[PDB]
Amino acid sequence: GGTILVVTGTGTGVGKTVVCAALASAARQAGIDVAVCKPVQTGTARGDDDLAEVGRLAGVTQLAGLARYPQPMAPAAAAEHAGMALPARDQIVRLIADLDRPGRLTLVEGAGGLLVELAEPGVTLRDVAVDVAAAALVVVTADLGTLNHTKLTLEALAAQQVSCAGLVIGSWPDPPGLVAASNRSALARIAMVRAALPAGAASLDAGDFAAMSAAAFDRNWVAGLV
């Protein structure tokens, strides 16, 4: 095996996908081989496609998915609306374990938060992470409430002995403001803040994104991942 990291977030819209892409670009610039798996994608009618974003921004080519639901709903709702089950637990876990190899950082992106349902019957990104011995990278906001949400997620992580690889602030505002600055310090009082990605990085081109990403993570940590 190699390094499997699940990339979760305190909620929906915290920039999990942009963090996957950023870590991917950093690791690739460290000469690490990266794969990204997004088992279930919703919102496809309006063009939601987070693996494509990772491809565009980071140049990852090993981009693995199992199901696509048109509706911009939570996976289980989208499944119900479309009239089709979610994938099974086994499909996700073996797709990920077949992606994993020596030398590779394999990022696994869930949908929404940690406890959202990802497969039949009621299995979550947390379960998947258990099944594959992955650590968890927690993407957070810098807004009022982030502390509560972070501690809640880290507590759920620990309840199943999924190790915490750290937090990333998905979007660092400009200019910051009092709340975001104080929250950044507190977040660092509960876990290793690995990076804070400038607000708007998503819209960068691949070159500028690569420069941002390179400077956003500690190089030794990135290298030390695999």
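Rigid core here is just the name for the largest C-alpha set that superposes within 1.5 Å across the two forms. The numbering used is simple: start at 1 and walk along the sequence shown.
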Of 22 to 30 and 167 to 175, which departs more from this form in 9 other deposited structures of this protein by CA RMS after core fitting: 167 to 175
On mean Cα temperature factor in this entry, is 37 to 45 or 52 to 60 the higher one? 52 to 60
On mean C-alpha B-factor from the PDB entry, just flag whether 159 to 167 or 178 to 186 is the higher one. 178 to 186
Whose CA atom has the top B-factor in the entry, of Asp143, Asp127, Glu120, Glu109? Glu120
Tell me which of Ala136, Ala74, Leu154, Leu115 tops the list for C-alpha B factor in the record. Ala74
Among the modelled residues of its chain, the C-alpha B-factor of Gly31 falls in the third labelled highest
Per the entry's values, where does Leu95 land by CA temperature factor relative to the rest of its chain, in the lowest, middle or highest third? middle
For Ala202, the third of its chain into which the C-alpha B factor falls: lowest
Using the B-factors in the PDB entry, rank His81's C-alpha atom against the chain and give the third, lowest, middle or highest. middle
Temperature factor at the Cα of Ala215, chain-ranked in thirds, falls in the highest
